[PDB]
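Asker: So I've got this experimental structure, pasted below with the sequence.
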Amino acid sequence: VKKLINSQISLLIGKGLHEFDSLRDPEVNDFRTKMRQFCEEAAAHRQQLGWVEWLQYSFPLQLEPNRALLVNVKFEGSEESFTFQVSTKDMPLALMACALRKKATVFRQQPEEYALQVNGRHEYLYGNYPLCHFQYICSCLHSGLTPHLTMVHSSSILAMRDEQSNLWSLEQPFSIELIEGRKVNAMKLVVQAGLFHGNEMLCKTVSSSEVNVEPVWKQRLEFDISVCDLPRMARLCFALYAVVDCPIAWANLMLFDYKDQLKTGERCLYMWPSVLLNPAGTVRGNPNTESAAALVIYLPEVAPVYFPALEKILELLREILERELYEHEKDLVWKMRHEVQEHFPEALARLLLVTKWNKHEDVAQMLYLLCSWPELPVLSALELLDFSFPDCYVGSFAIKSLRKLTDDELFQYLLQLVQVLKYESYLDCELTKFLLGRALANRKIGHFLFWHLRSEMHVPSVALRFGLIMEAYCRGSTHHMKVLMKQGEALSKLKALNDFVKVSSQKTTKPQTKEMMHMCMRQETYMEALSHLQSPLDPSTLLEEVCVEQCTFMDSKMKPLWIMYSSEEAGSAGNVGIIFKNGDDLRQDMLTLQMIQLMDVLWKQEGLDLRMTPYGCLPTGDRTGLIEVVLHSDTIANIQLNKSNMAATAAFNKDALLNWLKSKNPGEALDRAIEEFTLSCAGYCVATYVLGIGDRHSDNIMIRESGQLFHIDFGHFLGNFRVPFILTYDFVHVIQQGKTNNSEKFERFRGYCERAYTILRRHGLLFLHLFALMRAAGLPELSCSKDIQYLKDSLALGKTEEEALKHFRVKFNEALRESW
Ligand SMILES: Cn1nc(-c2cnc(N)c(-c3cn[nH]c3)n2)nc1C1(c2ccccc2)CC1
C-alpha cells in the first residue's frame with residue numbers, strides 16, 4: 001500500500017519520487033522527512049475531529065462578504081420532500097426542526113444532530129447565521145429559484161470522515177575566487193558579481209577582467225564588506241555577459257546553508273539563461289546540467305563558522321514624513337527607533353528599510369526591537385512578505401501576524417502567498433509550514449494550494465520546491481490525493497480531446513468535428529474519466545454525468561472545449577459547464593478575475609452590490625486551464641449581429657441589446673434586467689479603468705439573460721497593450737432605458753461609478769501590496785515599478801478624496817465626450 005501511494009503521488013505531481021532521492025541533497029532529505037512528520041500529525045488530528053469540526057474542514061461555510069422564501073427539504077434515504085415557507089432572517093436549526101416536525105407527522109413518530117446539504121453539491125448550511133447570509137441562499141434569492149436541501153445526520157458525516165482515513169571574529173573583507181566557465185556565445189566575457197540583501201546591495205558590484213570567448217579566470221574578487229557584517233540572508237549573485245551589452249546567463253547562491261553554516265569551498269553554478277544582476281532570481285541551480293552554462297567558484301576557508309543564535313543576537317518632522325526618503329530623514333527614523341516601537345508599531349516596514357543591513361550591530365539592534373514588536377494588522381504583514389524585506393526573522397514575524405487571517409481572507413490572498421514561495425531561499429521555511437498547516441485544516445484551501453503548485457510543475461526553477469510541498473500535502477491527505485488524481489485523469493483526457501479537435505477543425509466542417517468529438521467522448525475510457533469528479537474550478541461543485549450531446553468547442557484560435565454536465569441529485573443546480581483551453585497562458589486572466597472578485601467583496605462590505613460575475617479561471621498545467629461556464633450568456637457581438645426571425649430583431653442596431661433583454665425579461669422583469677445591467681456596467685467600467693484593461697470590444701464583453709454584463713479574455717492590463725475611462729453608447733442606451741435623453745438614469749449610473757471608485761481608493765494599499773507580491777510570478781505585464789505606478793495613478797492614492805474625485809469626474813466626462 002506504501003508503494004502504491006508512492007506511485008500515485010508521482011503520477012499526481014508529474015515527477016517521480018525516485019528523482020528527489022537521485023539528487024542525494026541533505027536539504028531535500030531533511031525537508032521531506034520533517035514535512036511528512038508535520039503532515040501526518042495534521043492527518044492524525046483530522047481523523048479524530050468532531051462531526052461539526054469535520055464539516056468545517058471538508059465543507060467550510062460559503063457566506064456573503066424580514067422576507068419570506070420557499071425551501072425544499074428532503075432526507076438522505078428518501079425521494080419525498082417538503083416545501084416549507086421560511087424567512088430570510090431564520091437560522092438553519094429552525095428550518096431543521098420544521099423538517100423533523102413534518103417527518104414526525106408523515107412517519108407518525110433533535111435538530112442539533114443534523115446539517116443541511118445543498119442538493120448535489122459539497123456545500124452545507126450550518127452555524128448561527130441567518131439563511132440570507134449563506135452564498136447559496138443569496139444566489140437563490142437573486143435568481144428567484146427555490147433552495148433545495150437535504151437533512152444529513154451526524155452519523156452519515158462521521159461515516160465520511162472514517163471512509164476518508166489515511167562569526168563576529170572574522171573582520172577580513174568578503175572575497176571569492178572565480179575559477180572558470182563552460183558556455184556558448186559569439187567579443188569578450190565578464191562576470192559581474194554582487195552581494196545583495198533583497199533588492200538592496202550590501203556593497204558596490206565587482207566586475208571580472210575581460211577574457212576572450214571553457215573560459216578560465218582564476219582571479220580573486222573582493223567585496224567592500226567585512227565577513228562578520230554579512231547578514232544571515234546574504235545572497236551572492238552572478239551575471240555572465242559579453243562585451244564588444246550582451247547578457248548570456250545569471251546564477252545566485254546563499255552565503256549560508258540551510259543549517260546556518262557559512263559555505264566553503266568549491267562550488268559549481270548551473271546558470272540560467274537571460275531574456276544585469278538578478279537578486280530576486282532563484283538560489284538553486286539549473287537542473288539541465290547537459291546544456292547549461294556553468295561557472296566554478298571557490299569560497300575560501302575562514303577556519304566551521306555558523307551564524308549566531310537569536311540569544312547571542314539579542315544580547316548585542318518625524319510624523320510629517322512618516323506617511324523614498326532623504327539621507328537625514330533615514331537617520332531621524334533610525335535614532336528614534338524606540339519611539340517607532342512604542343508609538344508607531346505599524347511603521348515597522350519604513351524602519352526595516354532604513355536599517356543598515358551590511359552592519360551586524362544595526363541588525364542586532366533592529367532584531368532586538370522586532371522580538372518585542374507588537375503583532376501587526378494583516379495589511380501590514382502582507383507588506384513584510386515582499387522581497388524588500390528578506391530577513392528570516394522579519395519573515396517569521398510577518399507569518400506570526402498573518403496567523404489571525406480567517407480561511408476566507410487566506411483564500412482571497414492564496415495566489416499571492418504561493419508566489420512568495422518563489423522568493424524563499426531555503427526549502428524548509430515558515431511560509432511553507434503555514435500554507436501546509438492551513439491547507440491540511442481546510443479541504444478547499446488544500447485544493448487550490450495543490451492546483452497553484454501543480455500548474456507550475458513545467459517551470460524548472462520551481463519544479464523541486466512545488467513537487468516537495470505537494471508530496472508533503474499528499475502524506476497529510478491520502479483521500480484528497482485520490483480525489484485530485486480523478487481531476488488530473490479528466491484533464492489528461494480533455495488535452496487529448498482538444499488535440500484531436502485542433503487537428504480536425506483545419507480538415508473538415510464544425511458539424512463533422514463535433515460529431516467525431518462526441519464519438520471519442522462516448523468511448524468507455526472517456527465516459528469514465530470525464531464523469532463523477534469534483535470540479536478543479538470549485539471542489540463544492542460536482543461534475544457528474546458528462547452531457548456529450550451538449551458538448552462542443554469554441555471557434556477561437558485554440559479551439560477551446562465546451563463541456564456540459566448534469567446531475568439527477570442536484571437537478572438544475574447540477575447543470576454546469578466547464579471550458580478547457582490549451583495553448584494560452586491563463587495566469588494573467590486568473591489574476592485579473594481575482595482582483596475584480598476582490599473589488600466585488602470590498603464593495604459588498606460597504607453595502608454596494610454591483611452584480612458582478614466572478615467566474616472561475618484556473619491554470620492546471622503548461623498553457624492549460626479551465627474556465628467556469630456562465631450559463632444563459634452571450635457576447636455583445638452575437639447580440640449585435642441583429643439576426644432576422646428573432647424576438648431581439650431591431651429597427652436600429654442601438655436597440656438590439658435592449659430588445660434581447662426585453663425578450664429574455666418579459667413584462668415586469670425588464671425593470672430588474674435594466675437595473676442588473678446598469679450596476680454590473682458601473683462595476684466593470686471602474687474595474688477596467690483601475691486595472692488598465694484595454695482592447696475591449698463587443699466580442700470580449702458578455703451579457704447574462706438577467707441583464708448582468710461581464711468581461712472575458714483578459715490578455716492585457718496595467719496599460720500594457722495609459723488606458724482612458726471608456727463609455728459605450730449601446731450600453732448608455734440600455735441604461736437610459738432606450739430613451740434618447742434620460743439624465744436621471746445616466747447620473748444614477750455616474751453615482752454608482754463614483755461610489756465604486758472611492759471604496760477601492762480606501763483599500764488602495766491592499767491592491768498595491770497584493771500586486772507587489774504578484775511580481776514574483778514572472779508575468780510580462782507585471783515586471784517593474786512602472787506597472788505598480790499605474791495603480792497609484794488610476795486610484796490617485798497620493799491625493800485627498802476631494803482632489804481624486806474631481807480627477808475621476810474629469811476622466812468620466814472625457815469618456816462621455818468620446819461616446820459619439
Ligand atoms: C454561449 N456562450 N457562453 C459563453 C461563455 C460562458 N461562460 C464563460 N465563462 C465564457 C467565457 C469565454 N471566455 N472566457 C470565458 N463564455 N460563450 C458562449 C459562445 C459559444 C460557446 C460555445 C460554442 C460556441 C459559442 C460564444 C457564444
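Answerer: All right, it came through fine. Numbers count the residues shown, from 1 in each chain.

Asker: switch to C-alpha atoms for all contacts and neighbour counts from now on
Answerer: Noted.

Asker: Which residue does the stretch 651-800 of the chain have closest to the ligand?
Answerer: Proximity of the stretch 651-800 of the chain to the ligand (Cα to the nearest ligand atom) peaks at residue 712, 4.7 Å away.

Asker: contacting residues for that residue?
Answerer: Residues in contact with residue 712 (Cα atoms under 8 Å, 6 or more residues apart in numbering) are 700-702.

Asker: Quick check: the gap between the closest residue to residue 393 other than its chain neighbours and the ligand.
Answerer: Nearest non-adjacent residue to residue 393, counting by Cα to Cα, 6 or more residues apart in numbering: residue 367, 7.4 Å away. Distance of residue 367 to the ligand, given as Cα to the nearest ligand atom, to the nearest Å: 48 Å.

Asker: in what helix or strand does residue 367 lie?
Answerer: Residue 367 is part of helix 360-370, with elements assigned from DSSP states H and E.

Asker: So what touches whichever helix or strand comes after that helix?
Answerer: Later in the chain than helix 360-370, the nearest helix or strand by DSSP H and E is helix 378-383. Contacts to helix 378-383, defined as Cα under 8 Å, 6+ apart, come from residues 346, 349, 398-399, 401-402, 404-405, 766, 769-770.

Asker: Give me the buried subset of the contacts of residue 712.
Answerer: Buried members of the contacts of residue 712, counted by 16 or more other Cα atoms under 10 Å: 701-702.

Asker: Render the CA-only coordinates of the helix holding residue 367 in CSV, please.
Answerer: The C-alpha trace of helix 360-370 is given here as CSV (Å, rounded to 0.1, in the frame of the first residue of the first chain):
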residue,chain,number,x,y,z
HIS,A,360,25.8,43.4,12.2
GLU,A,361,25.3,45.9,15.2
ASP,A,362,22.5,47.8,13.4
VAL,A,363,20.8,44.4,12.6
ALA,A,364,21.2,43.2,16.2
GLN,A,365,19.6,46.5,17.4
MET,A,366,16.8,46.1,14.8
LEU,A,367,16.0,42.4,15.6
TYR,A,368,16.0,43.3,19.4
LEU,A,369,13.1,45.7,18.7
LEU,A,370,11.4,43.1,16.4
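
Asker: And that helix, what does it pack against?
Answerer: Contacts defined by 3 or more Cα pairs under 8 Å, 6 or more residues apart in numbering; DSSP states H and E place helix 360-370 against helix 310-315, helix 392-402.

Asker: So for that helix, what gets flagged as buried?
Answerer: So, applying 16+ other Cα under 10 Å, buried residues of helix 360-370: 360, 362-370.

Asker: What residues does residue 35 make contact with?
Answerer: Residue 35 neighbours (Cα under 8 Å, 6+ apart): 433, 472.

Asker: Would you mind measuring from it to the ligand?
Answerer: 38 Å.

Asker: Over to residue 134?
Answerer: In terms of Cα to the nearest ligand atom, residue 134 sits 23 Å off from the ligand.

Asker: Backbone dihedrals for that residue, please?
Answerer: phi -90, psi 130 (degrees, to the nearest 10).

Asker: Give the bridge partners for it, please.
Answerer: Legend: beta-bridge partners of residue 134 under DSSP bridges are residue 63.

Asker: Now do the contacts for it.
Answerer: So residue 134 contacts 61-64, 125 (Cα under 8 Å, 6+ apart).

Asker: Then residue 718?
Answerer: 691-693, 781, 787, 790-791.

Asker: let's go with 10 Å and repeat that
Answerer: With Cα atoms under 10 Å, 6 or more residues apart in numbering as the criterion, the residues that contact residue 718 are 688-694, 781-782, 786-791, 794.
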